[PDB]
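Okay, here we've got a single chain as structure tokens, the form deposited in one PDB entry, with questions on binding and movement later.
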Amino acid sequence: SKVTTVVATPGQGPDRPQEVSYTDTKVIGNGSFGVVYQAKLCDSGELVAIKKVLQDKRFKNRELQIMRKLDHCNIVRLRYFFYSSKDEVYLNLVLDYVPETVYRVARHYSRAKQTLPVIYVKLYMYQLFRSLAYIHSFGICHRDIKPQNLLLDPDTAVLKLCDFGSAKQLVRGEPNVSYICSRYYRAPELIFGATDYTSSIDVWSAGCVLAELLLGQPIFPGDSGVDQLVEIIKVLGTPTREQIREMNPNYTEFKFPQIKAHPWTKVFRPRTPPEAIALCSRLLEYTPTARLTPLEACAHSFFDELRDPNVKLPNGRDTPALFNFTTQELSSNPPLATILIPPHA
């Protein structure tokens, strides 16, 4: 029956603080940056996650500034934020609580020697690509796409991208650090130490998630960058000098095993949908500019089942909102609306 009452600022809308009381506070992880609590809002009884992070006095929090601009069905919702306190200041991000992650669901299937039904692979990957299409339209790259950062409501099948702690607006000409993004999901250009990478690193990472959901395990594992590259070269083949330059190591000797392109069909298990494999090959490309855009991925034939008017979830419910595209979200390529928004929508 303990209640904490704070004066917190809404995430969206004008900077107008209000009194917010929450209860049933409990720790649900230490996210390196700080602690993450779960709580229940007294008024509505809705569950929230509170991400407590040490506030730098010098500059405003980049995660916060990005989160306040974002408003999308497939991105974790910032309800409130407030400051508290050691004698240092802590920023608290109050987020809509989502009970599961793709990581946890995938692992349950994995250690039961089962593959996740393709319907869920389609649903999760499509919603990820929508979230990426949205943030990329602002020039914002996530830079840490991985199964742990993909929240899931198992009932509604709604996926929400979270953890914008590494997220940044990439401006052509300005260099960016190459040591972001988690091991297994790092694009080759990042491994090669490129600082002139684009939002297409997120597409590579998304491709790694797709393959993982199909395979039941990470496609490019390895404790070192060298090990990872070998696993990449085993699938994609040895990168041509042309492809190397576009990834952008520049100065640093080449010298990889001269291995042939292992055909994509033999990578996955026998009855893996051909379109799933086709999609992978167009996401996991050496040349960054050669990779599909998020919006192009959404319109790929692998997701056709989702656009079928009779499609429903295995639990009987309707699919979540898949077609409520905005102008912002479609700006990369508006003509695609004729595929993305089907007749019945």
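Numbers for residues come from their place in the sequence shown, where the first is 1. Under this definition, the rigid core comprises the largest set of C-alpha atoms superposing within 1.5 Å between the forms.
The form deposited in another entry is left out here; the points below concern that form.
Point to revise | Flagged residue of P154, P175, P274, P257 - C-alpha shift reaching 2 Å or more between the shown form and the other one, core superposed | key: After core superposition, the one over threshold is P257.
Point to revise | Core-aligned C-alpha movement of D318 between the shown form and the other one, 2 Å or more | key: No, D318 moves less than 2 Å.
**Study point:** Is_shifted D56 between the shown form and the other one (CA, 2 Å cut-off, rigid core)
**Key:** It does shift by 2 Å or more.
Review point. Closer or farther apart in that other deposited form, the C-alpha atoms of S166 and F59, for a change of 3 Å or more?
Key: Note: Cα gap between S166 and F59 shrinks in that other deposited form.
Point to revise | Note on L41-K60 C-alpha separation in that other deposited form, which departs from the shown form by 3 angstroms or more | key: Between the C-alphas of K60 and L41, the gap widens in that other deposited form (3 Å or more compared with this form).
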